Amino acid sequence: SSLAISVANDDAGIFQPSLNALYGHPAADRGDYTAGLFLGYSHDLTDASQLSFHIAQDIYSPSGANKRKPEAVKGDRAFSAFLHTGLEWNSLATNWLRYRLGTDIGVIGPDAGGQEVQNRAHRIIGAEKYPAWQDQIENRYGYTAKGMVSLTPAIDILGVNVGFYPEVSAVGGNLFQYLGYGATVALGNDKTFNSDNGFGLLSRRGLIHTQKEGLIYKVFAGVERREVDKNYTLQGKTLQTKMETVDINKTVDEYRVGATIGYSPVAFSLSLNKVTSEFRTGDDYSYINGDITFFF
Ligand SMILES: CCCCCCCCCCOCCOCCOCCOCCOCCO
Ligand SMILES: [Zn+2]
Ligand SMILES: [Zn+2]
Ligand SMILES: [Zn+2]
Ligand SMILES: [Zn+2]
Ligand SMILES: [Zn+2]
């Protein structure tokens, strides 16, 4: 079992030079995904299978000078937030297959609490608040249905497991809908943990599926291409200007490079991430997540 806290930020702090070297500086100049908070619990029903629960809030933002304007700007994403909770099954079907199946309920809109959380954060640090929260994406309550399958060929070399994990993912519902395909490569001291990967709404955000006690470590790099049918954060209508602000791009790539290091019962993770332009007038953006996972 693992209990995890994960924080995502486009401001990568001491990891900014690494993020910039990896994905280039223009991606850091964008601000599309501005904050994430996630708390999750995974329980092993067997050595092969987990059931996970989580609650999370993700906050999305216009970029650059648009952040300070009174309302949403045509051509850039509006302020929005996605507040969600759900359950997921994560299982090794065999030594060569991992699958995941999950359902969220949530909301994108003022009810997701993005203005409240960001305004609070800003007040606490003495930053000014961004007024265009008044023109945020309007409420839509909904569900996500999520699935992933991954092949898991890996070989063990002197206690180091190295693997290649081609995967297909799918999300549906009235908030987000896409079909993704990708692969991750990983090296680490645990076969099960090495195959436990994911992108986008299938990202594990700190949750760990592992057999290992004592030292745990993993280093990984992956990309997933998704074909996007829906993204309500982009296609929804703003509260006051009543517009859809952008034309979504139907093909979106997500890159993730990261690592975990831990010792029973605590592990630390960092993931350096890039998402390619999600709309015609946007551009690629980079961010990190840092996770603390108690695993026992
Ligand atoms: C008992 C039933 C058996 C079920 C079999 C299920 C197998 C499913 C596994 C499918 O995985 C294949 C997916 O392959 C995708 C790999 O593609 C990677 C390319 O990613 C695009 C990267 O974009 C970057 C472009 O520069
Ligand atoms: Zn357990
Ligand atoms: Zn720049
Ligand atoms: Zn931010
Ligand atoms: Zn448990
Ligand atoms: Zn969720």
Side-chain angles (χ1 to χ4, degrees), residues 1-6 8 12 14-15 17-19 21-23 38 40 42-50 52 88-100 148-169 180-200 202-225 253-274 286 288-296:
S1 296
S2 68
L3 185 299
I5 314 258
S6 179
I14 61 160
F15 308 108
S18 297
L19 193 68
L22 184 54
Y23 297 125
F38 170 106
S42 266
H43 180 64
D44 48 332
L45 282 94
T46 70
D47 282 357
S49 291
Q50 296 186 313
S52 300
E88 189 194 85
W89 181 254
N90 183 19
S91 178
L92 300 187
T94 173
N95 261 28
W96 56 271
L97 200 97
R98 172 186 292 283
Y99 72 96
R100 286 210 262 144
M148 185 185 97
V149 60
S150 181
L151 301 169
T152 68
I155 193 140
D156 288 318
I157 292 159
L158 292 172
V160 181
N161 181 269
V162 316
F164 169 62
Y165 309 97
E167 63 85 23
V168 180
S169 287
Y181 45 99
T184 302
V185 287
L187 77 90
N189 69 344
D190 187 58
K191 166 185 189 82
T192 300
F193 184 35
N194 277 359
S195 74
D196 192 24
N197 304 296
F199 301 87
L202 278 294
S203 82
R204 288 271 284 159
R205 304 183 70 167
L207 299 165
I208 290 169
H209 184 198
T210 189
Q211 294 191 314
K212 192 66 170 56
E213 305 191 346
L215 182 73
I216 194 166
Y217 70 86
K218 175 177 174 182
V219 184
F220 67 90
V223 55
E224 177 188 84
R225 170 154 297 179
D253 294 341
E254 180 174 313
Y255 293 84
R256 305 196 145 249
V257 169
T260 297
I261 193 193
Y263 195 93
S264 275
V266 66
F268 300 98
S269 298
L270 177 262
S271 188
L272 305 179
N273 311 312
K274 188 185 92 161
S286 59
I288 63 162
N289 60 274
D291 330 312
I292 297 175
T293 308
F294 298 97
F295 74 103
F296 43 86

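We number each residue from 1, following the sequence as shown.
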Output all residues satisfying salt bridge (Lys or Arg N to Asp or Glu O under 4.0 Å) with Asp196, sequence neighbours left out; order by chain, then residue number. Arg98, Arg204
Please name the pair of heavy atoms, one in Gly200 and one in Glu254, separated by the smallest distance, quoted to 0.1 Å. N-OE2, 2.8 Å
Work out which heavy atom in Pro17 is nearest to a heavy atom in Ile14; give both atom names and the distance. CD-O, 3.5 Å
Before you tell me yes or no, could you show the steps for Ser195 and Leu151 under side chain to side chain contact (heavy atoms under 4.5 Å, CB included), namely the whole-Å CA-CA distance, both residues' side-chain angles and the distance that decides it to 0.1 Å? CA-CA 8 Å; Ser195 74; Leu151 301 169; over 6 Å; no
Between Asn273 and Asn289, is any side-chain donor less than 3.5 angstrom from a side-chain acceptor? yes
Answer yes if the side chains of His209 and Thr192 hold a donor-acceptor pair under 3.5 Å, and no otherwise. no
Within-4.5 Å side-chain heavy-atom neighbours: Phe193 and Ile216: yes
Set of side chain to side chain contact (heavy atoms under 4.5 Å, CB included) partners for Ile155, sequence neighbours left out: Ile157, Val162
For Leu270, what residues pass the side chain to side chain contact (heavy atoms under 4.5 Å, CB included) criterion, not counting sequence neighbours? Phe15, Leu272, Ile288
With a 6.0 Å cut-off (strictly less than), is the heavy-atom count around CG of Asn95, excluding the residue itself, greater than 12? no
Mind checking whether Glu88 and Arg100 have side chains closer than 4.5 Å, heavy atoms only? yes
With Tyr99 via side-chain hydrogen bond (donor to acceptor under 3.5 Å, both in side chains) - residues at least two apart: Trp89
Correct closest heavy-atom pair for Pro153 and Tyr165 would be O-CE2, 4.4 Å
Closest non-hydrogen atom pair, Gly188 against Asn194: N-ND2, 3.3 Å
Here the gap from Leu202 atom CG to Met148 atom CE, rounded to the nearest 0.5 Å, amounts to 6.5 Å
Show which side-chain atoms of residues 257-264 pair as donor or acceptor with protein atoms under 3.5 Å away, not counting sequence neighbours.
{"unit_1": "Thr260", "atom_1": "OG1", "unit_2": "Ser269", "atom_2": "OG", "d": "2.6"}
{"unit_1": "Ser264", "atom_1": "OG", "unit_2": "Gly214", "atom_2": "N", "d": "3.0"}

Any side-chain heavy-atom pair from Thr184 and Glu167 closer than 4.5 angstrom? no
List in chain and number order the residues that pass salt bridge (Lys or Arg N to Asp or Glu O under 4.0 Å) with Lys274, two or more places apart in sequence or in another chain; answer none if no residue qualifies. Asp284
Can you list everything that forms a side-chain hydrogen bond (donor to acceptor under 3.5 Å, both in side chains) with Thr293? Sequence neighbours excluded, please. none
Can you list every salt bridge (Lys or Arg N to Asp or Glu O under 4.0 Å) pair that touches residues 207-224, not counting sequence neighbours? none
So OH of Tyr255 and CG of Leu22: to nearest 0.5 Å the spacing works out to 10.5 Å
How would you list, by chain and number, every residue that makes a side-chain hydrogen bond (donor to acceptor under 3.5 Å, both in side chains) with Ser286, sequence neighbours excluded? none
Measure the spacing between OG1 of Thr46 and CG of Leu92 and express it to the nearest 0.5 Å. 8.5 Å
With side chains defined as the heavy atoms from C-beta onward, is the minimum distance between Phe220 and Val185 less than 4.5 Å? no
Would you please test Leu207 and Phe295 for side chain to side chain contact (heavy atoms under 4.5 Å, CB included) and show each step? CA-CA 9 Å; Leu207 299 165; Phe295 74 103; over 6 Å; no
Applying side chain to side chain contact (heavy atoms under 4.5 Å, CB included) to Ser1 and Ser42, what does each step give before you reach the verdict? CA-CA 5 Å; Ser1 296; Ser42 266; 5.9 Å; no
When you measure from the side chain of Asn189 to the backbone N and O of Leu215, does any donor-acceptor pair fall under 3.5 Å? yes
Suppose we screen for ring pair (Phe, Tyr, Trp, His ring centres under 6.0 Å). Which residues come up paired with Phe38, at least two apart in sequence or across chains? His54
At their closest point, which heavy atom of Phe199 faces which heavy atom of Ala183, and how far apart are they? CZ-O, 3.8 Å
Rounded to the nearest 0.5 Å, what separation is found between the OG1 atom of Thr210 and the CZ atom of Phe296? 13.0 Å
With sequence neighbours excluded, what pairs up with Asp44 under the salt bridge (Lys or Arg N to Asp or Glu O under 4.0 Å) test? none
Taking all non-hydrogen atoms of both residues into account, name the closest pair between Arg256 and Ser271 and its distance. NH1-OG, 3.6 Å
Would you confirm whether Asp190, through its side chain, and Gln211, through its main-chain N or O, come within 3.5 Å as a donor-acceptor pair? yes
What's the verdict on side chain to side chain contact (heavy atoms under 4.5 Å, CB included) for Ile292 and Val266, showing C-alpha distance, side-chain angles and the deciding distance? CA-CA 7 Å; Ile292 297 175; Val266 66; 4.3 Å; yes
side-chain hydrogen bond (donor to acceptor under 3.5 Å, both in side chains) filter on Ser49, not counting sequence neighbours, yields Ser91
